[PDB]
Amino acid sequence: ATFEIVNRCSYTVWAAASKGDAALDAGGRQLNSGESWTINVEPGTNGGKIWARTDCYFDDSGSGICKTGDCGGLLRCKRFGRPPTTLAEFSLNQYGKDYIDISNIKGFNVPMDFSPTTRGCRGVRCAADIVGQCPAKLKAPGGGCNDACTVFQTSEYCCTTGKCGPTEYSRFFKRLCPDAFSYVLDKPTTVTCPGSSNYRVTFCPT
């Protein structure tokens with residue numbers, strides 16, 4: 001499957017792609033304002049994620065640090081990123097279909113649109129100014145808007161017991177972005193697409 005990652009932000013972002021225990025394609029790359037990077041994700045990839053990283057610094061070996069979404073200090077991510085990170089999530093070729101969604105469960109750092117470039121389904125988007133409107137207690141000093149689990153580490157926010165309900169904090173993310181997961185047990189906003197669809201992830205779509 002092909003995923004065209006486009007940075008429409010006025011600032012540079014370092015795209016990242018991983019399935020948790022391995023990188024997807026090269027795993028990461030710098031995307032200056034306006035640049036597009038197309039990656040190939042193997043069919044059947046389950047639990048894949050694409051996200052943007054901001055304010056990064058990498059040496060010649062590809063090692064460094066990012067203020068948001070840092071993945072073990074690597075340019076080419078092999079693991080998931082450090083919150084806050086707006087997440088484009090997907091599982092491909094799952095019994096004949098693809099499943100995609102955007103999640104704020106791990107916070108929000110950069111606005112994003114995640115849409116198919118092929119026929120059969122609609123896209124999802126979370127482009128509201130979540131960082132600007134972020135509740136004071138969730139603001140990340142390093143940049144972005146943290147999710148409540150990251151900040152408070154409670155069973156309720158992290159849904160540790162598999163039993164949790166919406167909260168003042170999750171409702172904030174849901175109000176600004178109704179089409180993205182605001183907490184673990186949020187009413188699903190997952191989109192079903194034809195198996196083997198292709199996609200485009202656009203940072204700062206509006």
# chains A, B, ... in the order shown; residues from 1 in each chain; ligands from 1

$ residues_around --residues "residue 115 of chain A" --least-positions-apart "3" --cutoff "6 Å" --atoms "only C-alpha atoms" --output "list in words"
residues 123, 199 and 200 of chain A

$ residues_around --residues "segment 162-175 of chain A" --least-positions-apart "2" --cutoff "9 Å" --atoms "only C-alpha atoms" --output "PyMOL selection string"
chain A and resi 104-105+107-108+130+134-135+138+147-148+155-160+177-186

$ write_last_selection --atoms "N, CA, C and O atoms" --output "mmCIF file, in the first residue's frame"
data_model
loop_
_atom_site.group_PDB
_atom_site.id
_atom_site.type_symbol
_atom_site.label_atom_id
_atom_site.label_comp_id
_atom_site.auth_asym_id
_atom_site.auth_seq_id
_atom_site.Cartn_x
_atom_site.Cartn_y
_atom_site.Cartn_z
ATOM 1 N N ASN A 104 -6.539 11.113 19.152
ATOM 2 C CA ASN A 104 -5.978 12.132 20.035
ATOM 3 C C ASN A 104 -5.751 11.500 21.408
ATOM 4 O O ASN A 104 -5.523 12.201 22.391
ATOM 5 N N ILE A 105 -5.822 10.173 21.474
ATOM 6 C CA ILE A 105 -5.635 9.458 22.735
ATOM 7 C C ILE A 105 -4.236 9.681 23.312
ATOM 8 O O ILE A 105 -4.031 9.590 24.526
ATOM 9 N N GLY A 107 -2.622 12.549 22.725
ATOM 10 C CA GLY A 107 -2.436 13.979 22.570
ATOM 11 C C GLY A 107 -2.496 14.469 21.138
ATOM 12 O O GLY A 107 -2.780 13.714 20.207
ATOM 13 N N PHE A 108 -2.203 15.751 20.967
ATOM 14 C CA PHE A 108 -2.237 16.394 19.659
ATOM 15 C C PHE A 108 -1.055 17.343 19.530
ATOM 16 O O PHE A 108 -0.746 18.083 20.465
ATOM 17 N N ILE A 130 -6.197 22.803 18.258
ATOM 18 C CA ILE A 130 -6.156 22.176 19.569
ATOM 19 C C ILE A 130 -5.016 22.681 20.453
ATOM 20 O O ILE A 130 -5.191 22.817 21.661
ATOM 21 N N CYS A 134 -5.875 24.440 23.890
ATOM 22 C CA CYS A 134 -5.546 23.441 24.901
ATOM 23 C C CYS A 134 -5.744 23.875 26.349
ATOM 24 O O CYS A 134 -5.327 24.965 26.742
ATOM 25 N N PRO A 135 -6.398 23.023 27.161
ATOM 26 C CA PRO A 135 -6.620 23.348 28.574
ATOM 27 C C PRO A 135 -5.250 23.566 29.212
ATOM 28 O O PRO A 135 -4.299 22.840 28.917
ATOM 29 N N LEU A 138 -3.204 20.648 30.416
ATOM 30 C CA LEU A 138 -2.752 19.687 29.410
ATOM 31 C C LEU A 138 -1.648 20.219 28.502
ATOM 32 O O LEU A 138 -1.049 19.463 27.738
ATOM 33 N N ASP A 147 -2.564 14.408 26.317
ATOM 34 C CA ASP A 147 -3.805 13.725 26.648
ATOM 35 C C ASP A 147 -3.773 13.630 28.177
ATOM 36 O O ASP A 147 -2.702 13.724 28.790
ATOM 37 N N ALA A 148 -4.935 13.431 28.789
ATOM 38 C CA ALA A 148 -5.024 13.353 30.244
ATOM 39 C C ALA A 148 -4.311 12.159 30.873
ATOM 40 O O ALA A 148 -3.858 12.238 32.017
ATOM 41 N N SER A 155 -6.332 5.489 36.322
ATOM 42 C CA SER A 155 -7.025 4.393 35.658
ATOM 43 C C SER A 155 -8.144 4.932 34.775
ATOM 44 O O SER A 155 -8.415 4.391 33.704
ATOM 45 N N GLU A 156 -8.790 6.004 35.224
ATOM 46 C CA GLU A 156 -9.885 6.591 34.463
ATOM 47 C C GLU A 156 -9.446 7.189 33.129
ATOM 48 O O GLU A 156 -10.095 6.966 32.109
ATOM 49 N N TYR A 157 -8.353 7.948 33.126
ATOM 50 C CA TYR A 157 -7.883 8.555 31.881
ATOM 51 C C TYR A 157 -7.199 7.563 30.957
ATOM 52 O O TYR A 157 -7.291 7.673 29.735
ATOM 53 N N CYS A 158 -6.502 6.599 31.546
ATOM 54 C CA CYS A 158 -5.778 5.608 30.766
ATOM 55 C C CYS A 158 -6.617 4.371 30.439
ATOM 56 O O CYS A 158 -6.191 3.513 29.663
ATOM 57 N N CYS A 159 -7.806 4.297 31.032
ATOM 58 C CA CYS A 159 -8.730 3.183 30.831
ATOM 59 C C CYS A 159 -8.056 1.841 31.093
ATOM 60 O O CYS A 159 -8.284 0.862 30.381
ATOM 61 N N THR A 160 -7.234 1.810 32.134
ATOM 62 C CA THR A 160 -6.499 0.618 32.519
ATOM 63 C C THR A 160 -7.369 -0.608 32.782
ATOM 64 O O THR A 160 -7.027 -1.714 32.369
ATOM 65 N N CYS A 177 -12.408 18.176 17.769
ATOM 66 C CA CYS A 177 -12.301 17.193 16.693
ATOM 67 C C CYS A 177 -13.224 16.004 16.905
ATOM 68 O O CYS A 177 -12.817 14.968 17.429
ATOM 69 N N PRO A 178 -14.485 16.134 16.483
ATOM 70 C CA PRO A 178 -15.453 15.048 16.645
ATOM 71 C C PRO A 178 -15.125 13.757 15.897
ATOM 72 O O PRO A 178 -15.556 12.681 16.304
ATOM 73 N N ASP A 179 -14.363 13.860 14.812
ATOM 74 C CA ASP A 179 -14.033 12.681 14.015
ATOM 75 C C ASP A 179 -12.764 11.937 14.416
ATOM 76 O O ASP A 179 -12.264 11.107 13.658
ATOM 77 N N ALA A 180 -12.249 12.223 15.606
ATOM 78 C CA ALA A 180 -11.041 11.557 16.092
ATOM 79 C C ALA A 180 -11.299 10.960 17.472
ATOM 80 O O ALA A 180 -12.096 11.496 18.243
ATOM 81 N N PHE A 181 -10.637 9.850 17.785
ATOM 82 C CA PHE A 181 -10.807 9.226 19.095
ATOM 83 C C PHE A 181 -10.312 10.178 20.180
ATOM 84 O O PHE A 181 -9.189 10.683 20.099
ATOM 85 N N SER A 182 -11.139 10.414 21.196
ATOM 86 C CA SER A 182 -10.761 11.310 22.291
ATOM 87 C C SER A 182 -10.325 10.556 23.547
ATOM 88 O O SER A 182 -9.659 11.119 24.417
ATOM 89 N N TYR A 183 -10.729 9.294 23.652
ATOM 90 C CA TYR A 183 -10.329 8.446 24.770
ATOM 91 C C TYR A 183 -10.469 6.993 24.327
ATOM 92 O O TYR A 183 -11.071 6.717 23.291
ATOM 93 N N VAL A 184 -9.899 6.073 25.096
ATOM 94 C CA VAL A 184 -9.913 4.657 24.740
ATOM 95 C C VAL A 184 -11.256 4.054 24.337
ATOM 96 O O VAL A 184 -11.342 3.365 23.318
ATOM 97 N N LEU A 185 -12.298 4.304 25.122
ATOM 98 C CA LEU A 185 -13.614 3.742 24.826
ATOM 99 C C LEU A 185 -14.567 4.686 24.107
ATOM 100 O O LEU A 185 -15.786 4.527 24.177
ATOM 101 N N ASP A 186 -14.006 5.666 23.410
ATOM 102 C CA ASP A 186 -14.809 6.628 22.668
ATOM 103 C C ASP A 186 -15.600 5.890 21.589
ATOM 104 O O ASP A 186 -15.179 4.830 21.119
#

$ closest_residue --among "A:34, A:20, A:47, A:69" --to "residue 99 of chain A" --atoms "only C-alpha atoms"
A:47

$ residues_around --residues "residue 204 of chain A" --least-positions-apart "3" --cutoff "8 Å" --atoms "only C-alpha atoms" --output "list in words"
residues 7, 8, 9, 110, 111, 112, 113 and 127 of chain A

$ atom_distance --atom1 "atom CA of residue 19 of chain A" --atom2 "atom CA of residue 32 of chain A"
23.9 Å

$ closest_residue --among "A:12, A:46, A:63, A:91" --to "residue 77 of chain A" --atoms "only C-alpha atoms"
A:63

$ residues_around --residues "segment 23-26 of chain A" --least-positions-apart "2" --cutoff "8 Å" --atoms "only C-alpha atoms" --output "count of residues only"
16

$ closest_residue --among "A:5, A:92, A:56, A:13" --to "residue 194 of chain A" --atoms "only C-alpha atoms"
A:92

$ select_by_dssp --residues "segment 11-205 of chain A" --states "alpha helix (DSSP H)" --output "PDB file with C-alpha atoms, in the first residue's frame"
ATOM      1  CA  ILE A 130      -6.156  22.176  19.569  1.00  0.00           C
ATOM      2  CA  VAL A 131      -2.757  23.465  20.697  1.00  0.00           C
ATOM      3  CA  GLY A 132      -3.992  27.047  20.869  1.00  0.00           C
ATOM      4  CA  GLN A 133      -7.179  26.138  22.756  1.00  0.00           C
ATOM      5  CA  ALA A 148      -5.024  13.353  30.244  1.00  0.00           C
ATOM      6  CA  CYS A 149      -3.539   9.877  30.683  1.00  0.00           C
ATOM      7  CA  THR A 150      -0.037  11.164  29.923  1.00  0.00           C
ATOM      8  CA  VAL A 151      -0.432  14.011  32.406  1.00  0.00           C
ATOM      9  CA  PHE A 152      -2.263  12.380  35.318  1.00  0.00           C
ATOM     10  CA  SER A 155      -7.025   4.393  35.658  1.00  0.00           C
ATOM     11  CA  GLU A 156      -9.885   6.591  34.463  1.00  0.00           C
ATOM     12  CA  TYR A 157      -7.883   8.555  31.881  1.00  0.00           C
ATOM     13  CA  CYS A 158      -5.778   5.608  30.766  1.00  0.00           C
ATOM     14  CA  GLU A 168     -13.696  16.897  30.958  1.00  0.00           C
ATOM     15  CA  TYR A 169     -10.385  16.460  29.142  1.00  0.00           C
ATOM     16  CA  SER A 170     -11.527  13.904  26.572  1.00  0.00           C
ATOM     17  CA  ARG A 171     -14.565  16.090  25.849  1.00  0.00           C
ATOM     18  CA  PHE A 172     -12.225  18.959  24.953  1.00  0.00           C
ATOM     19  CA  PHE A 173     -10.523  16.909  22.233  1.00  0.00           C
ATOM     20  CA  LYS A 174     -13.905  15.596  21.072  1.00  0.00           C
ATOM     21  CA  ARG A 175     -15.420  19.083  20.881  1.00  0.00           C
ATOM     22  CA  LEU A 176     -12.554  20.403  18.744  1.00  0.00           C
TER      23      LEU A 176
END
